[PDB]
């Protein structure tokens, strides 16, 4: 079972002996720190951490003893605040005397603003605020996945509007293929759920149960898939029988959309000769509600997409839409699911535009690029102490390293406000108390072991909409 006493960086076990004597309050905050592009971030994922790990009776006698035994060996010394943990057990029935205030989930906030704050509610527990730094900072991951996914949605929206004149099907155009390419089952669920803030297409099944348990949707499920081959289901037929595999699969899934990986041996042969000649009769007969989606999976991603489109354009009837861009017949589409990240997505859609192909033609799948190839320094997600009370006097505290101004932190008690022009500002030094800027946008979401405010997944999605969608 999970033990919050064993869920911190080891060194934090020793910090209760390091703060100034007579310290009754430690107050800390989280930001995606500005760096001298990702100019705005989607705040998502804290509610998962609050419910799974921080709420309710999280301290027991057994958990205290267990931690004491492990730390004895791990440090080869007796440092461990057994008394401090016993106090929370006896006084609060093991509930954390902590208050957390946060911006609503789904909110889209510029870099360098306070996103949440943490402080102890009992003077004895001044050490507890930063004990939970480690677990709370892991919110960097769903924030960053949700943010990077939204930035990809912006690119897709721009090019789809330009080449087609609308945004139809935008939420279905970037699929999560990342389940195998993340570091753990838990990561898979968190990451998949963060992608679903922006899109509806996923093969990372783990995201669904996470959303149902911790957030919830009006709809039965937040994400959807369609039948699709993998190389095993083609190659099992034997090298000389690729056409047999294709024919069998499209006939098995004749009335729903079906994706067929087409590059096992020669993607260009498969498109021109197998799909384009031998099996053409099984393709042109398909419903608009049940297209074949041809899937290349190797080679230079842009060069391969353009060549596949070129081949299919010469084998199938192409129209020109009202913006002047070429469109495949409605029973045929393409999905590129190899080597797609934010950079290559941009290259591909711009390449398509230059060659006059509508973005209606194509969907994208992304795996490692979407869920694994991200770190905490992409958005500089960071947790810092900004205010303490010592001997009953508050002091505004901060770091400001001489050789790196980008690592300077904020001072004092913080609040988040709308500006007169409708943007965001973080007020420092308790200046929100002067009430010159309307209401603080941070709300209490956790207090003394209870989750005090929750958001549904539908609300989060609404908060995270693109401006272009709003327009």
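Numbering follows the first chain given and starts at 1.
Count the deposited residues lacking coordinates between residue 36 and residue 37 and you get 4 to 9 of them.
If you average the C-alpha B-factors over 97-105 and over 242-250, the higher value belongs to 242-250. Higher mean CA B-factor, judged across 387-395 and 366-374 from the recorded values: 387-395. In the deposited coordinates, the residue among 282, 226, 271, 114 with the greatest CA B-factor is 282. By the numbers in the PDB entry, the CA B factor is greatest at 212 among 180, 212, 195, 333.
Among the modelled residues of its chain, residue 56 has a C-alpha B-factor that falls in the middle third according to the deposited record. When the modelled residues of the chain are ordered by their C-alpha B factor, residue 462 lands in the highest third. In this PDB entry, the Cα temperature factor of residue 440 sits in the middle third of its chain's modelled residues.
Remark: residue 173 belongs to the lowest third of its chain, ranked by C-alpha B-factor as recorded.
When the modelled residues of the chain are ordered by their C-alpha B factor, residue 418 lands in the highest third.
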